[PDB]
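Shown next, in structure tokens, is the structure this report addresses.
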Amino acid sequence: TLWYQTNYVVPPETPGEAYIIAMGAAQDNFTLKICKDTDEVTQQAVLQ
Amino acid sequence: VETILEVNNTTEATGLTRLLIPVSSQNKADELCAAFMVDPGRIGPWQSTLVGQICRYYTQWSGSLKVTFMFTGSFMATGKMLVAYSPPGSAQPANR
Amino acid sequence: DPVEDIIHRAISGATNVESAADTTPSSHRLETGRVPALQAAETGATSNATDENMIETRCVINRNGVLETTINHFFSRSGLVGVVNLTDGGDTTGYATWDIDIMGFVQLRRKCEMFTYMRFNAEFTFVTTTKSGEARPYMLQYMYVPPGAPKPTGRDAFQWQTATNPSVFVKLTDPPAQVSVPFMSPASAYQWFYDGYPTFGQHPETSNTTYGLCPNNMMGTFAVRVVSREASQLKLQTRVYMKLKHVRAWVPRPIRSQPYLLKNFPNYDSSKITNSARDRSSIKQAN
Amino acid sequence: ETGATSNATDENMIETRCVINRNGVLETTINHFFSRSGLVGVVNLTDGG
Amino acid sequence: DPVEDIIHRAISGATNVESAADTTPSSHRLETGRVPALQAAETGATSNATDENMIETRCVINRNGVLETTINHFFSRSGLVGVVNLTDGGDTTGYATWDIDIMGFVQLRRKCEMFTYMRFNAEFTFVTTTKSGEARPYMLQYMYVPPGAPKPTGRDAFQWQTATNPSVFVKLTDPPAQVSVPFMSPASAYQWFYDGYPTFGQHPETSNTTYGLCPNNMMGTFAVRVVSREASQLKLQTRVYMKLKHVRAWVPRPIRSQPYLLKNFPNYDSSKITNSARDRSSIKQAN
Amino acid sequence: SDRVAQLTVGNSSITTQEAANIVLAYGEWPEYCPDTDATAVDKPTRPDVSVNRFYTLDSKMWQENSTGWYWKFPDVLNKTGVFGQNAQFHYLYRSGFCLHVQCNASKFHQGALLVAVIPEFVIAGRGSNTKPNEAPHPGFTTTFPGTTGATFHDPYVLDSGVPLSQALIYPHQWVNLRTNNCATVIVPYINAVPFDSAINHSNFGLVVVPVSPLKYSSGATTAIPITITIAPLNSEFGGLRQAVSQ
Amino acid sequence: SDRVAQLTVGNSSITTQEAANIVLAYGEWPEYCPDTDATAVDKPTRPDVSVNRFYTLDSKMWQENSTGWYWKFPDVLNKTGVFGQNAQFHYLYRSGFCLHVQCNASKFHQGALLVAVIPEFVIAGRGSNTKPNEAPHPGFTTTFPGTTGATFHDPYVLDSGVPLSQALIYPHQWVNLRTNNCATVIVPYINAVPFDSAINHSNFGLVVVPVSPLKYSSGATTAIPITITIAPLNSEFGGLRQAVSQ
Ligand SMILES: CCCCCCCCCCCCC/C=C/[C@H](O)[C@H](N)CO
Ligand SMILES: CCCCCCCCCCCCC/C=C/[C@H](O)[C@H](N)CO
């Protein structure tokens, strides 16, 4: 979760609404196993 | 390698606004900006990451993950945020 | 050094024994306060009274082999863990799916349930035939579907391309198909008894069906079809045998006394309790 | 902004124990990732038509 | 070794300084990025800017003594901690009792309250006289009554036998009586401010009078009579002075700004707040 | 010499006159998790004296017809003591238990109880229904009875469909009224994983089943309570978060 | 280099851009009680990561007329976290605190807060009555306000009848909106006794008093919250018993 610790303060004549971009990755202890076939893509028929 | 992670989904934001999450001056203190579950293989934010797509070719995963937040606001804006990770056993916290 | 209190084995050991134990000659003893016969069963330790102490024995050098009783030769025998029925001609259908559980039925289940924890590899063998027992030169496909992989939705589905999921193509007249499987659990051992719930939250006292289930034992799905574009008209049955090899076992426990009512649950019927024994005529007459 | 990913590790962020990790990294090599066969084409032949 | 994580100073030091600091000759500096004048008061550290850095100074070897400012010479001065009124002739009466508190009134209280913790010995002096100031050859008894000892219930009470309780017999015309007292606290230091309650349990929001009291500061009672079987007719007043010696002090704190309303409590009247300063005419005119 | 004995852990102590030795389950002591076996990377907390100590539960009154009782250990202690509070605030748990059962009786009483520590003890549903959807399942409060414990319906099968005669294959001790008045067993932490959640999972159960029934003569004391004392031993916790009791 | 900084304790971490150094009160670090200074003979428990860590309390909204606030530390944390549970089950307590105060604002805002750690801070009654029996006493909830904190009536005397100008004789730090956005102070355990009860006694208070008031221009952000973060550091507990919260 991402919470406001204090507040978002801005001087006068400056935009009062901003954006945080979020990001993700792994570290050197991250591993995987048991390779399977992914479900993200489907095909209805042969691709001409 | 870090990859763009989508948090804002909803029915709105159209194409590229899904990548951004808003921060703005809050009247009531101690307010929740955003949340999401950190399972990379689960449908959700991590599908947009390239770590989340590569862990869908694999059944199991083990290791530490890192999440990076970059603030695109103006130079003259200030603030402090609290980002917290809660191990399982309950739904998301109600208050910080 | 500034504070002192912050400044701070097992019992037995395993002996390699190739053959059964021998016997050494003993003679009568008459004296006091040496009594191998009297034991205390309350201590929880079994009687250490031996042959040589109780009566007079001769010198016997025993050549009988102990090997056949190791757990690794005890599970070396293959058994039937599941049987899946495939009819390609009936209606649409076209494929068969079998979720992998070796608790499917009895003989092999009753063996594996005398240990709480087992780590091992496996070897699956697929014996396929017609309902009539006859063999015909049709090709079959056996695809393994790990947890989270999308299941086949039909005979023509793209699921069967198998760029990742391992498959076995074998004709029906050929010898059975056989493969080796590693130890795939996310934990360090399989466990046949899990006392607990897979998730947090409320647990109703009406339907508890979540109880007892261990996710670490879910290996996913095994699917089978017959490879053609047009639907063949035949009925087909696939028996699955598995050897169990490179096995390790922990914390043994008692065998099942009662008939198994359910596949995943150790339920029994309390009116029918079998009293494992055979009835007799009084006591003090043996057969 | 620099284009380099975060080099922040576990040991620096919070207190960790001593963990000697035996998990294998082998199965993720590109040479085991493509070792699996797949269907690249299917051709229909009718000799009688 | 089996598990690693179970396997696991100050800042400054005190310098003995017998005399005040000297001054060393300095000259003009013109260069960049060396600025003893600019300080940051936000850091919580006081300005380290010295004389020699700010302007040009001569060589001054300072002989002024620093001794008189030690805390051990600062409390070496005796003060009046209590005064007890004894009338032997009025009605029955016959004795006077004074519970020992050195917060009784101001000057000495205001000194001792600039430290939170003080450990020290004490020396009490008893100046006794008539209401008229005159002295008369009557003998008096000063008995100290430690916490839990039974208090005198009358002039003839057996409490005054003093087989244990230390006493002082002195005639009224003689020089004052003087005794040394050790450090009697059950704790390791006296504390003039205790934030907390002596007991557990409920704490009403109407009358909190239990709040603030530290039991470790309760030294018991000091009693006084005049020794005769028949009641003398006179009025008498006993002033108690105490030197405070072998003193140690910890965690200093600010002085009292406001007049003391109560003996045991740091109460003030919020309408009368004094604004410790003297009023002035605007600013930018100094007297 | 061997009969008499005294334990101690934390600020609690137990003394016994008539005890018969001590059972150490599977010939291993409780230990902290070694670095090689560990997985979770956070630094676990090791409270020691605040957690490890003897806790006494409410007493069971043993009557001539009594059928036996059972408990689940990382259950009974979840709502009691400081051990229970660490268990609700932490996602991960490991520890062994030192266990002590106590039943007094006169030299004129007779009977025997079977005390046994039976890992991964899974109670079962009682009924003849073979259909999985309509089949009975044994409640929540029957599975995790808590401090108050639960009683067997039919102890002969141990509610598990398994013969009680073979229960001696588990770390076990008899308390026989003519021999000893108490039974003691130390259990190292066993599981397929280095740590496991305390509130979800129950490592092992305890079973006190009156094999030979309770018998005495008129005029003797009728009320014969049974009391169990359990010491979480060599405890560890990890995965700190807000309190979840259920 | 000196401006930027990061703390860490337990599983919690704090980062600051604009911070100004760090205050270490009275030039000493928190320590465990040495063998010579100890008195109570029981073995104290040292939970470490479960207790020692940063706890964030609810935020105070600082307004142009704000008069300041205060807290009592072995109070605010008695009902929250695992630290609070050890405090209710144990009769004895010792620890130091690492303290962090946080107030953001723009370069167009101006003002200053005085953060101070003032040991044995004893609030006083407000009234002119000199008679001890009828004299006012400052409530229970004003003395131990708990997590929510309490506000000064007249900060100039600090409610103690003592001048605020001299409050700089206490470990203290300014947070000045033009200079730094946060203040940090580490406090070793101080008291006249090696251990002391957590629920009865409050070792020290914290005082955030707006010396120079809060001022800005129309169009700027009005809401300026103040947040405090406290880490019980190098903790110890003893005298285990049943839970007493009051
Ligand atoms: C081409 C098909 C190959 C199939 C490979 C699958 C092997 C599965 C691993 C061995 C079996 C694991 C043990 C089974 C657990 C239990 O039966 C249930 N999951 C629990 O009721
Ligand atoms: C013959 C009479 C001798 C009297 C000896 C008594 C000496 C008492 C010890 C020194 C005084 C201790 C400090 C006093 C504490 C405070 O005044 C109050 N107890 C707290 O309000």
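Protein chains in written order, with this note's numbering: chain A, 326 to 373; chain B, 1423 to 1518; chain C, 8 to 294; chain D, 1352 to 1400; chain E, 8 to 294; chain F, 71 to 316; chain G, 71 to 316. We put the CB at the ideal spot given by N, CA and C, even for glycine.
For residue i, is the beta carbon positioned less than 7 Å from some heavy atom of ligand 2?
i	result
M191(E)	yes
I107(E)	yes
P159(E)	no
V186(E)	yes
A129(E)	yes
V134(E)	no
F307(G)	no
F176(E)	no
Express the C-alpha separation of residue j and residue i in angstroms, rounding to a whole number.
i	j	result
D128(F)	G154(G)	27 Å
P273(E)	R263(E)	9 Å
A237(G)	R1373(D)	57 Å
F112(E)	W105(E)	14 Å
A196(C)	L251(C)	14 Å
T135(E)	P183(E)	7 Å
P261(C)	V232(F)	7 Å
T53(C)	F190(C)	35 Å
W199(C)	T30(C)	40 Å
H242(F)	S277(C)	26 Å
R236(C)	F176(C)	16 Å
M1503(B)	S82(G)	14 Å
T77(E)	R285(E)	30 Å
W141(F)	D224(F)	16 Å
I1371(D)	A186(F)	36 Å
Within 10 angstroms of its Cβ, does residue i collect 16 or more other Cβ (buried), or is it exposed?
i	result
residue 303(C)	This structure cannot settle anything about residue 303(C), because the visible part of chain C is limited to 8 through 294.
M125(E)	buried
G138(F)	buried
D72(F)	exposed
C66(C)	exposed
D181(E)	exposed
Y1507(B)	exposed
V152(C)	buried
In chain order, what residues of the same chain have a beta carbon less than 7 Å from the beta carbon of residue i, not counting five sequence neighbours either side?
i	result
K242(E)	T94, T137, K138
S187(C)	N128, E130
Hey, would you say the C-beta of residue i is under 7 Å away from at least one heavy atom of ligand 3?
i	result
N274(E)	Among the ligands in the structure shown, ligand 3 does not appear; only ligand 1 and ligand 2 can be found there.
Under 6 Å Cβ to Cβ from residue i, same chain only, skipping five residues before and after it: list those, please.
i	result
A290(F)	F178
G89(E)	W105, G111, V247
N251(F)	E88, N174
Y201(E)	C221
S136(G)	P280
Please tell me whether, using a cut-off of 7 Å, the distance from the CB of residue i to the nearest non-hydrogen atom of ligand 1 is below it.
i	result
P100(F)	no
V113(C)	no
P117(G)	no
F200(C)	no
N224(C)	yes
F229(C)	yes
- Between the region 1441-1460 of chain B and chain A, which residues of the former have a C-beta closer than 8 Å to a C-beta of the latter? Look at the region 1441-1460 of chain B: the residues with a C-beta under 8 Å from a C-beta of chain A are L1441, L1442, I1443, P1444, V1445, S1446, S1447, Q1448, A1451, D1452, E1453, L1454, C1455, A1456, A1457.
- Message: Residues of the region 38-63 of chain E in Cβ contact with chain D at a cutoff of 8 Å, in chain order, please.
- Response: none
- Query: What are the residues of the region 1366-1386 of chain D that lie near chain B, defined by any Cβ-Cβ distance shorter than 7 Å?
  - Reply: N1374
- Members of the region 1462-1487 of chain B that neighbour chain D once the beta carbon cut-off is set at 7 Å: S1484, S1486
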